[PDB]
file start-v1.pdb (PDB, N, CA and C atoms and all ligand atoms)
MODEL        1
ATOM      1  N   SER A   1      13.347 -11.940  12.036  1.00  0.00           N
ATOM      2  CA  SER A   1      13.932 -11.088  11.008  1.00  0.00           C
ATOM      3  C   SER A   1      13.384  -9.667  11.104  1.00  0.00           C
ATOM      4  N   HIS A   2      14.259  -8.688  10.896  1.00  0.00           N
ATOM      5  CA  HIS A   2      13.864  -7.284  10.959  1.00  0.00           C
ATOM      6  C   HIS A   2      12.997  -6.909   9.760  1.00  0.00           C
ATOM      7  N   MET A   3      13.563  -7.040   8.565  1.00  0.00           N
ATOM      8  CA  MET A   3      12.840  -6.715   7.340  1.00  0.00           C
ATOM      9  C   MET A   3      12.086  -7.932   6.815  1.00  0.00           C
ATOM     10  N   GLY A   4      11.208  -8.483   7.647  1.00  0.00           N
ATOM     11  CA  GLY A   4      10.436  -9.645   7.250  1.00  0.00           C
ATOM     12  C   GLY A   4       8.951  -9.467   7.493  1.00  0.00           C
ATOM     13  N   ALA A   5       8.539  -9.592   8.750  1.00  0.00           N
ATOM     14  CA  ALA A   5       7.134  -9.442   9.112  1.00  0.00           C
ATOM     15  C   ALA A   5       6.891  -8.115   9.823  1.00  0.00           C
ATOM     16  N   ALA A   6       6.199  -7.205   9.145  1.00  0.00           N
ATOM     17  CA  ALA A   6       5.896  -5.897   9.712  1.00  0.00           C
ATOM     18  C   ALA A   6       4.506  -5.427   9.297  1.00  0.00           C
ATOM     19  N   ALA A   7       4.036  -4.356   9.928  1.00  0.00           N
ATOM     20  CA  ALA A   7       2.721  -3.806   9.623  1.00  0.00           C
ATOM     21  C   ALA A   7       2.793  -2.297   9.410  1.00  0.00           C
ATOM     22  N   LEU A   8       2.229  -1.834   8.299  1.00  0.00           N
ATOM     23  CA  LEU A   8       2.231  -0.411   7.977  1.00  0.00           C
ATOM     24  C   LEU A   8       0.810   0.146   7.967  1.00  0.00           C
ATOM     25  N   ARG A   9       0.693   1.458   8.143  1.00  0.00           N
ATOM     26  CA  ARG A   9      -0.609   2.115   8.154  1.00  0.00           C
ATOM     27  C   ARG A   9      -0.830   2.902   6.865  1.00  0.00           C
ATOM     28  N   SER A  10       0.097   2.758   5.923  1.00  0.00           N
ATOM     29  CA  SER A  10       0.005   3.459   4.649  1.00  0.00           C
ATOM     30  C   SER A  10       0.680   2.658   3.538  1.00  0.00           C
ATOM     31  N   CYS A  11       0.552   3.141   2.307  1.00  0.00           N
ATOM     32  CA  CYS A  11       1.148   2.473   1.157  1.00  0.00           C
ATOM     33  C   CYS A  11       2.343   3.261   0.629  1.00  0.00           C
ATOM     34  N   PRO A  12       3.541   2.928   1.134  1.00  0.00           N
ATOM     35  CA  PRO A  12       4.784   3.590   0.726  1.00  0.00           C
ATOM     36  C   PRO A  12       5.181   3.247  -0.705  1.00  0.00           C
ATOM     37  N   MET A  13       4.464   2.300  -1.303  1.00  0.00           N
ATOM     38  CA  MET A  13       4.744   1.881  -2.672  1.00  0.00           C
ATOM     39  C   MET A  13       4.221   2.907  -3.672  1.00  0.00           C
ATOM     40  N   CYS A  14       3.095   3.530  -3.340  1.00  0.00           N
ATOM     41  CA  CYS A  14       2.490   4.532  -4.209  1.00  0.00           C
ATOM     42  C   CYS A  14       2.235   5.830  -3.448  1.00  0.00           C
ATOM     43  N   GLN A  15       2.766   5.910  -2.231  1.00  0.00           N
ATOM     44  CA  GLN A  15       2.597   7.096  -1.401  1.00  0.00           C
ATOM     45  C   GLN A  15       1.119   7.376  -1.146  1.00  0.00           C
ATOM     46  N   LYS A  16       0.401   6.358  -0.681  1.00  0.00           N
ATOM     47  CA  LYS A  16      -1.021   6.493  -0.395  1.00  0.00           C
ATOM     48  C   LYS A  16      -1.293   6.340   1.098  1.00  0.00           C
ATOM     49  N   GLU A  17      -2.318   7.033   1.582  1.00  0.00           N
ATOM     50  CA  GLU A  17      -2.681   6.973   2.994  1.00  0.00           C
ATOM     51  C   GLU A  17      -3.966   6.173   3.191  1.00  0.00           C
ATOM     52  N   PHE A  18      -3.919   5.202   4.097  1.00  0.00           N
ATOM     53  CA  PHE A  18      -5.076   4.363   4.380  1.00  0.00           C
ATOM     54  C   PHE A  18      -5.996   5.031   5.398  1.00  0.00           C
ATOM     55  N   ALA A  19      -7.286   5.079   5.079  1.00  0.00           N
ATOM     56  CA  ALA A  19      -8.270   5.689   5.966  1.00  0.00           C
ATOM     57  C   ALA A  19      -8.345   4.948   7.295  1.00  0.00           C
ATOM     58  N   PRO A  20      -8.887   5.622   8.321  1.00  0.00           N
ATOM     59  CA  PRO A  20      -9.029   5.045   9.662  1.00  0.00           C
ATOM     60  C   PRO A  20     -10.077   3.940   9.709  1.00  0.00           C
ATOM     61  N   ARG A  21     -11.073   4.037   8.834  1.00  0.00           N
ATOM     62  CA  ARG A  21     -12.139   3.044   8.778  1.00  0.00           C
ATOM     63  C   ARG A  21     -11.615   1.712   8.249  1.00  0.00           C
ATOM     64  N   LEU A  22     -10.544   1.774   7.465  1.00  0.00           N
ATOM     65  CA  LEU A  22      -9.946   0.573   6.893  1.00  0.00           C
ATOM     66  C   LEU A  22      -9.434  -0.355   7.991  1.00  0.00           C
ATOM     67  N   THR A  23      -9.418  -1.653   7.703  1.00  0.00           N
ATOM     68  CA  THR A  23      -8.952  -2.644   8.665  1.00  0.00           C
ATOM     69  C   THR A  23      -7.637  -3.269   8.215  1.00  0.00           C
ATOM     70  N   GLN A  24      -7.031  -4.059   9.096  1.00  0.00           N
ATOM     71  CA  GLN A  24      -5.768  -4.719   8.788  1.00  0.00           C
ATOM     72  C   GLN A  24      -5.857  -5.478   7.468  1.00  0.00           C
ATOM     73  N   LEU A  25      -7.028  -6.042   7.194  1.00  0.00           N
ATOM     74  CA  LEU A  25      -7.244  -6.797   5.965  1.00  0.00           C
ATOM     75  C   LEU A  25      -7.276  -5.869   4.754  1.00  0.00           C
ATOM     76  N   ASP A  26      -7.838  -4.680   4.942  1.00  0.00           N
ATOM     77  CA  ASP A  26      -7.928  -3.700   3.866  1.00  0.00           C
ATOM     78  C   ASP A  26      -6.539  -3.256   3.416  1.00  0.00           C
ATOM     79  N   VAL A  27      -5.679  -2.949   4.381  1.00  0.00           N
ATOM     80  CA  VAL A  27      -4.321  -2.512   4.084  1.00  0.00           C
ATOM     81  C   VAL A  27      -3.595  -3.529   3.211  1.00  0.00           C
ATOM     82  N   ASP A  28      -3.611  -4.787   3.639  1.00  0.00           N
ATOM     83  CA  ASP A  28      -2.955  -5.856   2.895  1.00  0.00           C
ATOM     84  C   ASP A  28      -3.583  -6.022   1.514  1.00  0.00           C
ATOM     85  N   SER A  29      -4.892  -5.802   1.434  1.00  0.00           N
ATOM     86  CA  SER A  29      -5.613  -5.932   0.175  1.00  0.00           C
ATOM     87  C   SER A  29      -4.978  -5.061  -0.907  1.00  0.00           C
ATOM     88  N   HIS A  30      -4.783  -3.786  -0.592  1.00  0.00           N
ATOM     89  CA  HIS A  30      -4.184  -2.848  -1.536  1.00  0.00           C
ATOM     90  C   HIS A  30      -2.688  -3.108  -1.683  1.00  0.00           C
ATOM     91  N   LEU A  31      -2.048  -3.494  -0.585  1.00  0.00           N
ATOM     92  CA  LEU A  31      -0.617  -3.775  -0.590  1.00  0.00           C
ATOM     93  C   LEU A  31      -0.279  -4.867  -1.600  1.00  0.00           C
ATOM     94  N   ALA A  32      -1.248  -5.738  -1.868  1.00  0.00           N
ATOM     95  CA  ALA A  32      -1.055  -6.826  -2.817  1.00  0.00           C
ATOM     96  C   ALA A  32      -1.280  -6.352  -4.250  1.00  0.00           C
ATOM     97  N   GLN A  33      -2.300  -5.523  -4.439  1.00  0.00           N
ATOM     98  CA  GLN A  33      -2.622  -4.999  -5.762  1.00  0.00           C
ATOM     99  C   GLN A  33      -1.594  -3.961  -6.200  1.00  0.00           C
ATOM    100  N   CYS A  34      -1.006  -3.275  -5.232  1.00  0.00           N
ATOM    101  CA  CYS A  34      -0.012  -2.258  -5.531  1.00  0.00           C
ATOM    102  C   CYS A  34       1.234  -2.955  -6.085  1.00  0.00           C
ATOM    103  N   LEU A  35       1.739  -3.903  -5.306  1.00  0.00           N
ATOM    104  CA  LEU A  35       2.925  -4.659  -5.693  1.00  0.00           C
ATOM    105  C   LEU A  35       2.650  -5.510  -6.928  1.00  0.00           C
ATOM    106  N   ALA A  36       1.392  -5.903  -7.101  1.00  0.00           N
ATOM    107  CA  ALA A  36       0.997  -6.716  -8.245  1.00  0.00           C
ATOM    108  C   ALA A  36       1.091  -5.921  -9.543  1.00  0.00           C
ATOM    109  N   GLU A  37       0.827  -4.621  -9.456  1.00  0.00           N
ATOM    110  CA  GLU A  37       0.882  -3.750 -10.625  1.00  0.00           C
ATOM    111  C   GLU A  37       2.327  -3.479 -11.036  1.00  0.00           C
ATOM    112  N   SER A  38       3.208  -3.376 -10.045  1.00  0.00           N
ATOM    113  CA  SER A  38       4.618  -3.114 -10.301  1.00  0.00           C
ATOM    114  C   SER A  38       4.793  -1.845 -11.128  1.00  0.00           C
ATOM    115  N   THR A  39       3.864  -0.908 -10.968  1.00  0.00           N
ATOM    116  CA  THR A  39       3.914   0.351 -11.701  1.00  0.00           C
ATOM    117  C   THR A  39       4.475   1.472 -10.833  1.00  0.00           C
ATOM    118  N   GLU A  40       5.787   1.448 -10.621  1.00  0.00           N
ATOM    119  CA  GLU A  40       6.447   2.463  -9.808  1.00  0.00           C
ATOM    120  C   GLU A  40       7.223   3.442 -10.683  1.00  0.00           C
ATOM    121  N   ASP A  41       6.738   3.648 -11.902  1.00  0.00           N
ATOM    122  CA  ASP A  41       7.385   4.561 -12.838  1.00  0.00           C
ATOM    123  C   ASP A  41       6.375   5.534 -13.435  1.00  0.00           C
ATOM    124  N   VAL A  42       5.444   5.995 -12.605  1.00  0.00           N
ATOM    125  CA  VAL A  42       4.419   6.932 -13.050  1.00  0.00           C
ATOM    126  C   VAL A  42       5.033   8.271 -13.445  1.00  0.00           C
ATOM    127  N   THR A  43       5.035   8.555 -14.743  1.00  0.00           N
ATOM    128  CA  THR A  43       5.592   9.803 -15.251  1.00  0.00           C
ATOM    129  C   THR A  43       4.521  10.646 -15.933  1.00  0.00           C
ATOM    130  N   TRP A  44       3.679  11.287 -15.131  1.00  0.00           N
ATOM    131  CA  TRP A  44       2.610  12.128 -15.660  1.00  0.00           C
ATOM    132  C   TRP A  44       2.622  13.502 -15.001  1.00  0.00           C
TER     133      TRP A  44
HETATM  134 ZN    ZN B   1      -0.553   1.371  -3.263  1.00  0.00          ZN
ENDMDL
END
call {"tool": "encode", "arguments": {"input": "start-v1.pdb", "output": "structure tokens"}}
result
Amino acid sequence: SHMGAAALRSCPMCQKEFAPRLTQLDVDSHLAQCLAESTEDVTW
């Protein structure tokens, strides 16, 4: 599947950039907390 298993180097959910020191596990770590928050309506 195309839109199934992929790997990103940043967080397009909150427009965040992952540092170079971070590992594959780190990226997924935040990717889970980001989607877990479901807060994509930041109006500040
Ligand atoms: Zn995020």
call {"tool": "residues_near_ligand", "arguments": {"input": "start-v1.pdb", "ligand": "ligand ZN 1 (chain B)", "cutoff": "5 Å", "atoms": "all atoms listed in the file", "output": "PyMOL selection string"}}
result
chain A and resi 11+14+34
call {"tool": "residues_around", "arguments": {"input": "start-v1.pdb", "residues": "residue A:20", "least_positions_apart": "5", "cutoff": "12 Å", "atoms": "only C-alpha atoms", "output": "PyMOL selection string"}}
result
chain A and resi 9-10+26-27
call {"tool": "closest_residue", "arguments": {"input": "start-v1.pdb", "among": "A:8, A:1, A:13, A:19", "to": "residue A:33", "atoms": "only C-alpha atoms"}}
result
A:13
call {"tool": "atom_distance", "arguments": {"input": "start-v1.pdb", "atom1": "atom N of residue A:29", "atom2": "atom N of residue A:7"}}
result
12.4 Å
call {"tool": "select_by_dssp", "arguments": {"input": "start-v1.pdb", "residues": "chain A", "states": "alpha helix (DSSP H)", "output": "PyMOL selection string"}}
result
chain A and resi 24-37
call {"tool": "atom_distance", "arguments": {"input": "start-v1.pdb", "atom1": "atom CA of residue A:6", "atom2": "atom CA of residue A:32"}}
result
14.4 Å
call {"tool": "select_by_dssp", "arguments": {"input": "start-v1.pdb", "residues": "chain A", "states": "strand (DSSP E)", "output": "list in words"}}
result
residues 10, 11, 16 and 17 of chain A
call {"tool": "axis_aligned_box", "arguments": {"input": "start-v1.pdb", "around": "stretch 15-33 of chain A", "padding_each_side": "8 Å", "output": "lines of an AutoDock Vina configuration file"}}
result
center_x = -4.7
center_y = 0.3
center_z = 1.8
size_x = 30.9
size_y = 30.2
size_z = 31.9
call {"tool": "atom_distance", "arguments": {"input": "start-v1.pdb", "atom1": "atom CA of residue A:4", "atom2": "atom CA of residue A:31"}}
result
14.8 Å
call {"tool": "build_atoms", "arguments": {"input": "start-v1.pdb", "residues": "stretch 13-36 of chain A", "atoms": "N, CA, C and O atoms", "output": "compact mmCIF listing (two decimals), in the frame of the given file"}}
result
# COMPACT_ATOMS: atom_id res chain seq x y z
N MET A 13 4.46 2.30 -1.30
CA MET A 13 4.74 1.88 -2.67
C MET A 13 4.22 2.91 -3.67
O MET A 13 4.82 3.13 -4.72
N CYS A 14 3.10 3.53 -3.34
CA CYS A 14 2.49 4.53 -4.21
C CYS A 14 2.24 5.83 -3.45
O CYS A 14 1.57 6.74 -3.95
N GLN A 15 2.77 5.91 -2.23
CA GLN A 15 2.60 7.10 -1.40
C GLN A 15 1.12 7.38 -1.15
O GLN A 15 0.64 8.49 -1.37
N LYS A 16 0.40 6.36 -0.68
CA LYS A 16 -1.02 6.49 -0.40
C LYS A 16 -1.29 6.34 1.10
O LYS A 16 -0.59 5.61 1.79
N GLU A 17 -2.32 7.03 1.58
CA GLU A 17 -2.68 6.97 2.99
C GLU A 17 -3.97 6.17 3.19
O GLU A 17 -4.98 6.43 2.54
N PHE A 18 -3.92 5.20 4.10
CA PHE A 18 -5.08 4.36 4.38
C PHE A 18 -6.00 5.03 5.40
O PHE A 18 -5.55 5.49 6.45
N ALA A 19 -7.29 5.08 5.08
CA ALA A 19 -8.27 5.69 5.97
C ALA A 19 -8.35 4.95 7.30
O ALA A 19 -7.93 3.79 7.41
N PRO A 20 -8.89 5.62 8.32
CA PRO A 20 -9.03 5.04 9.66
C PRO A 20 -10.08 3.94 9.71
O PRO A 20 -9.98 3.02 10.52
N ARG A 21 -11.07 4.04 8.83
CA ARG A 21 -12.14 3.04 8.78
C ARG A 21 -11.62 1.71 8.25
O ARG A 21 -12.17 0.65 8.55
N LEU A 22 -10.54 1.77 7.46
CA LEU A 22 -9.95 0.57 6.89
C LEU A 22 -9.43 -0.36 7.99
O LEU A 22 -9.06 0.09 9.08
N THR A 23 -9.42 -1.65 7.70
CA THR A 23 -8.95 -2.64 8.66
C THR A 23 -7.64 -3.27 8.22
O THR A 23 -7.18 -3.04 7.10
N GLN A 24 -7.03 -4.06 9.10
CA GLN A 24 -5.77 -4.72 8.79
C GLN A 24 -5.86 -5.48 7.47
O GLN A 24 -4.88 -5.55 6.72
N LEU A 25 -7.03 -6.04 7.19
CA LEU A 25 -7.24 -6.80 5.96
C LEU A 25 -7.28 -5.87 4.75
O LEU A 25 -6.80 -6.22 3.68
N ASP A 26 -7.84 -4.68 4.94
CA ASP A 26 -7.93 -3.70 3.87
C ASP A 26 -6.54 -3.26 3.42
O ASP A 26 -6.25 -3.19 2.22
N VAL A 27 -5.68 -2.95 4.38
CA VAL A 27 -4.32 -2.51 4.08
C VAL A 27 -3.60 -3.53 3.21
O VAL A 27 -3.03 -3.18 2.17
N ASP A 28 -3.61 -4.79 3.64
CA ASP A 28 -2.96 -5.86 2.90
C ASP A 28 -3.58 -6.02 1.51
O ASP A 28 -2.90 -6.34 0.54
N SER A 29 -4.89 -5.80 1.43
CA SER A 29 -5.61 -5.93 0.18
C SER A 29 -4.98 -5.06 -0.91
O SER A 29 -4.67 -5.54 -2.00
N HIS A 30 -4.78 -3.79 -0.59
CA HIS A 30 -4.18 -2.85 -1.54
C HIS A 30 -2.69 -3.11 -1.68
O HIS A 30 -2.13 -2.96 -2.77
N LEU A 31 -2.05 -3.49 -0.58
CA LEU A 31 -0.62 -3.78 -0.59
C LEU A 31 -0.28 -4.87 -1.60
O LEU A 31 0.83 -4.92 -2.13
N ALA A 32 -1.25 -5.74 -1.87
CA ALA A 32 -1.06 -6.83 -2.82
C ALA A 32 -1.28 -6.35 -4.25
O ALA A 32 -0.54 -6.73 -5.16
N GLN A 33 -2.30 -5.52 -4.44
CA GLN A 33 -2.62 -5.00 -5.76
C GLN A 33 -1.59 -3.96 -6.20
O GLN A 33 -1.36 -3.81 -7.40
N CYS A 34 -1.01 -3.28 -5.23
CA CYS A 34 -0.01 -2.26 -5.53
C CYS A 34 1.23 -2.96 -6.08
O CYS A 34 1.72 -2.65 -7.17
N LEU A 35 1.74 -3.90 -5.31
CA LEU A 35 2.92 -4.66 -5.69
C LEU A 35 2.65 -5.51 -6.93
O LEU A 35 3.56 -5.80 -7.71
N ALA A 36 1.39 -5.90 -7.10
CA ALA A 36 1.00 -6.72 -8.24
C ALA A 36 1.09 -5.92 -9.54
O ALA A 36 1.39 -6.47 -10.60
